[PDB]
Amino acid sequence: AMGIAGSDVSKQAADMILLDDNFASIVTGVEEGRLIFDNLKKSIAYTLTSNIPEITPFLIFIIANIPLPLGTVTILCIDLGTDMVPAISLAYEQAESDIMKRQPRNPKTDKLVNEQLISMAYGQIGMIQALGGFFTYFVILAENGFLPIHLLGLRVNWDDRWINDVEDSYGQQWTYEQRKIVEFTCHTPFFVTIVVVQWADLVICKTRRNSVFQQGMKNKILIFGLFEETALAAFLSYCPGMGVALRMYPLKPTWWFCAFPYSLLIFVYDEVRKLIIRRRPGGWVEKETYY
Amino acid sequence: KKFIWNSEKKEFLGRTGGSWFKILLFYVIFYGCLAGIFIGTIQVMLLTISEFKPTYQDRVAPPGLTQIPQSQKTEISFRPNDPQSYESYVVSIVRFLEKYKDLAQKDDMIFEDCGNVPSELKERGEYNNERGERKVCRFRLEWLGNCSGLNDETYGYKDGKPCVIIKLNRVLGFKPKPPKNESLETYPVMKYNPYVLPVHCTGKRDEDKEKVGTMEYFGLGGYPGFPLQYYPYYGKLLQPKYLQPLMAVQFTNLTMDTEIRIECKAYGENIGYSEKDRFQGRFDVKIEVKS
Amino acid sequence: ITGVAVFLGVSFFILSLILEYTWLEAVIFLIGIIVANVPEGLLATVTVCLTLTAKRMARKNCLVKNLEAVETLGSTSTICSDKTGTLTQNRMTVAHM
Amino acid sequence: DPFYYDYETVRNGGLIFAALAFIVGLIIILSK
Amino acid sequence: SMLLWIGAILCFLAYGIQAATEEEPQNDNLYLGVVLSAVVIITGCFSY
Ligand SMILES: CC(C)CCC[C@@H](C)[C@H]1CC[C@H]2[C@@H]3CC=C4C[C@@H](O)CC[C@]4(C)[C@H]3CC[C@]12C
Ligand SMILES: CC(C)CCC[C@@H](C)[C@H]1CC[C@H]2[C@@H]3CC=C4C[C@@H](O)CC[C@]4(C)[C@H]3CC[C@]12C
Ligand SMILES: *[C@@]1(O)O[C@H](CO)[C@@H](O)[C@H](O)[C@H]1NC(C)=O
Ligand SMILES: CC(=O)N[C@@H]1[C@@H](O)[C@H](O)[C@@H](CO)O[C@H]1O
Ligand SMILES: [Mg+2]
Ligand SMILES: [Mg+2]
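Each protein sequence line maps, in turn, to chains L, R, W, H and S.
Taking PDB author numbering, the leading residue of the first sequence gets 726, the next gets one more, and so forth.
Taking PDB author numbering, the leading residue of the second sequence gets 13, the next gets one more, and so forth.
Taking PDB author numbering, the leading residue of the third sequence gets 288, the next gets one more, and so forth.
Taking PDB author numbering, the leading residue of the fourth sequence gets 17, the next gets one more, and so forth.
Taking PDB author numbering, the leading residue of the fifth sequence gets 94, the next gets one more, and so forth.
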């Protein structure tokens, strides 16, 4: 209704009020509506992908009885720490095309979270994201003489608080706190690596159809978030006594670049599909993957 | 609500039969590709680690002090009279000492008699396979005094007044440095400053201190320290079946049917401790011999 | 969301006892798997995002009492407006000469 | 001894990078 | 918000079951419930 030229009873009943009485607001209204609707698809996807690498270690931790690759504390720093700032930034993204040109969605045919989104994130991007994490995990352990092949079934004796003669494949003996300090130190890059892959997943999920360059990275919020996210993660590992309060220890530099390729690979994969969606409007690329 | 089994379009689980095959092919090819990448990345990582020396050893800088009888809680409670009560404890002792008999060291080729007194630490070349499979210094069970597992008490071990040994964590390349003559805390139960790393055990608690009046230490050459000559360790692959030096303590007059605490402390220039790891060069134990 | 979660949790709950694990702990996993599967930060993300979009509406004097209503305008397929006041200016006014 | 790391160095190093990083996105977001 | 709540209660319930069985179990699942619930409360406050 119109705020200054409308019946009071009607205004209360209405779900939206126009103060200026400019009927034009409707136009902007649907514009935003169809716009925000999409950007949410984008936003939801970013957080969802994160869960596949979030959960994955716990799973193998039981399957192969290995030391726990990822701490629950860090997960919180992803779902509710770093990831949030980029997630908010996604909304600011401008429209890929002039949405006003398209028909109304159909509430039956088209849905917010389609089956495609799942396959795209849980099935592919997240799975690649997780693989990068395990790589780092295996790398750190080996670099201190705990060989991947040798890590199988090691959980049982590992988590015991009294066995201080654990034998690594190199042959040394380790006390409980040390090898734990390592497990915690190992947890920290998993978190770090997660941000590294969540870089790519952020960019690719900025656009549904057009290429990355085509859209352009003019979204200031997105940019600030990447730096903010990176800074937080870095600080999280290098502040005094984080290994004491949150059981998260510093990181040896070579660790940071552990999964830079894995994320890059992610970026390459999505972009090429976006091009494939563009070149051909054929269903297989579209129906299977066009969330 | 759950009738997606079939449809007029012949959808199975709401999906066409041919396309199923198409999705199956995509996933299989994609998953294989990811694993193929992941494994190949791991192969790289294998080649970034030497086979003789670990790349990072900073974590184990403080050595550790394990116990032969690994109690669920470092607590020993049993009946002197009852064999069954201490049977399980005895078994652990048996397995550890099994690879220490004179018969076990049958091949003179791989065994060097270091000597019957402490002597100079035996540096054995640079850690490379340019030399051959290096040599191990022997260690007779006879060296253990009145705590010999297979001698005076071949199966008995200790029915009362139990023996307990400590062990140094086997560590690649550690050059122990015995403490200087003048240490204020140092209680000189022995004058062997030049070639021994002393370990002394005290109740720590005043109540416990009073509870145990005296303890008997047994060492090679009657010396209560690790022999400097045996070290340094050269790695399992380089030195298969290497034998860690062993030091034993048998408690004397004891308080029966009471719980007491004993703190075993290693000393020397190159040893640290932490108020968060009760085993990092330090040592605690709870012991109760109830009749 | 939950539908996949239960399937994963149930499947793991199967493979849990398939391996040497006791019912006592197998449940703990099923709970945990379903739990960690649940999105957490998303709630505040979506809500914050929605409020932000409304702000710019409020910047242009488009207000909504119900916050979840901003999306509805974009997601519409048919409209019905009142000629008087809404469309007209409701003023007798000089038209043609 | 090879069993010691100058952690404090890279520790401080990381701190510096993060601090610098914050001001950069800050500068970006407060573009004028 | 309700869905998150069910998870939280589930986390809280889980810790109790865990505590009874094991000895000195880690306070991880418990910690999870507190933050999860707190998120909703903060979310609700902002919304209101
Ligand atoms: C397009 C993509 C898939 C090409 C893949 C290249 C990969 C296999 C290469 C390129 C850069 C390499 C990484 C560079 C840096 C390091 C740090 C080192 O301490 C561990 C190995 C590691 C992590 C390397 C692993 C192998 C590596 C990841
Ligand atoms: C622009 C972006 C995408 C490029 C990649 C980010 C790189 C340059 C940043 C991100 C995090 C950074 C690391 C954070 C912490 C440290 C500790 C410091 O004592 C040594 C450098 C090191 C290891 C930094 C190296 C540079 C680094 C890896
Ligand atoms: C030793 O254990 O046994 C001897 C009996 O054969 C005994 O005389 C001797 O005092 C004991 N010594 C110690 C240190 O226990
Ligand atoms: C090998 C040996 O016993 N050396 C000691 C020396 O440690 C001590 O400082 C000195 C007392 O003045 O007496 C010497 O006999
Ligand atoms: Mg999560
Ligand atoms: Mg009207």
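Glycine included, C-beta positions come from ideal geometry on N, C-alpha and C.
C-alpha distance - residue i paired with residue j, whole-angstrom precision
i            : j      : result
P257/R       : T781/L : 42 Å
residue 4/R  : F860/L : With chain R running from 13 to 303 in the structure shown, residue 4/R is simply not present.
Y987/L       : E287/R : 40 Å
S104/R       : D884/L : 20 Å
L976/L       : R27/H  : 8 Å
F108/R       : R904/L : 22 Å
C349/W       : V755/L : 12 Å
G29/R        : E23/R  : 7 Å
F230/R       : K221/R : 20 Å
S19/R        : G26/R  : 7 Å
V881/L       : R290/R : 21 Å
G1008/L      : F786/L : 39 Å
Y169/R       : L879/L : 31 Å
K13/R        : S364/W : 29 Å
residue 10/R : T198/R : Because chain R is modelled from 13 through 303, residue 10/R falls outside the range shown and cannot be assessed.
Residue i: contacting residues in chain L (beta-carbon distance under 9 Å)
i             : result
residue 433/W : Look at the range of chain W in this structure, 288 to 384, and you will see that residue 433/W is not part of it.
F19/H         : Result: empty, since nearest Cβ-Cβ is about 12 Å, beyond 9 Å.
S298/W        : Those within 9 Å of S298/W in chain L number zero; the least Cβ separation is about 10 Å.
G290/W        : Within 9 Å Cβ-Cβ: nothing; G290/W doesn't reach chain L, min ~10 Å.
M344/W        : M741, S750, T753, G754, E757
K370/W        : Here the premise fails: no neighbours, minimum Cβ distance about 12 Å.
Counterpart residues of residue i in DSSP-defined beta bridges
i      : result
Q79/R  : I178/R
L856/L : In DSSP, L856/L forms no bridge with anything.
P210/R : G237/R
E300/R : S89/R
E275/R : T214/R, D296/R
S286/R : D289/R
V129/R : Answer by DSSP bridge pairing: none, since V129/R is not bridged.
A35/H  : In DSSP, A35/H forms no bridge with anything.
Beta-carbon neighbours of residue i, restricted to chain W and to distances below 9 Å
i      : result
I929/L : Within chain W, no residue comes near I929/L; the closest Cβ sits about 18 Å away, beyond 9 Å.
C104/S : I318, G319, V322
Proximal residues to residue i (C-beta, below 7 Å), its chain only, five neighbours per side dropped
i      : result
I769/L : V838
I803/L : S775, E779, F916, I919
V183/R : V72, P75, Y245
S89/R  : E300, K302
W981/L : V917
Within chain L, partners of residue i - CB distance below 8 Å
i      : result
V128/S : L801, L805
Any C-beta of chain A under 8 Å from that of residue i
i      : result
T861/L : Going by chain labels, chain A is absent from the structure shown, which instead holds the protein chains L, R, W, H and S.
Contacts that residue i makes with chain L (C-beta to C-beta distance below 7 Å)
i      : result
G247/R : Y895, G896
Partner residues on chain H for residue i, Cβ-Cβ distance less than 7 Å
i      : result
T955/L : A37
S732/L : None at all; the shortest Cβ gap to chain H is about 44 Å.
Residues near residue i in its chain [Cβ-Cβ closer than 6 Å; skip 5 each side]
i      : result
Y112/R : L153
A789/L : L877
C930/L : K767, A770, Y771
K147/R : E124
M967/L : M973
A925/L : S988, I991, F992
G225/R : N265
Close Cβ partners of residue i (< 8 Å) along its chain, the five nearest in sequence each way excluded
i      : result
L304/W : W310, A313
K736/L : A726, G728, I742
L337/W : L354, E355, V357, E358
Within chain S, the residues that residue i reaches when beta carbons sit closer than 7 Å
i      : result
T797/L : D121, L125
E358/W : Going along chain S, no residue has its Cβ under 7 Å from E358/W, so there is no contact; the nearest lies around 16 Å.
7 Å Cβ cut-off: residues of chain R touching residue i
i      : result
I791/L : Here the premise fails: no neighbours, minimum Cβ distance about 15 Å.
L856/L : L46, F50
Within chain S, partners of residue i - CB distance below 8 Å
i      : result
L330/W : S94, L97, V132, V133, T136
Chain W contact residues for residue i, given Cβ-Cβ distances below 8 Å
i      : result
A112/S : Neighbours of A112/S on chain W: none; closest Cβ ~11 Å, over 8 Å.
What are the start and end residues of each continuous beta strand (DSSP E) run of 3 or more residues lying completely inside the region 138-189 of chain R, in chain order?
175-180
Completely contained alpha helix (DSSP H) runs for the region 295-337 of chain W, where each covers 4 or more residues:
310-324
If we require 4 or more residues per run, which alpha helix (DSSP H) segments fall completely within the region 788-843 of chain L?
797-802, 809-815, 840-843
Restricting to runs no shorter than 4 residues, where is the alpha helix (DSSP H) found entirely within the region 892-955 of chain L?
901-929, 937-940
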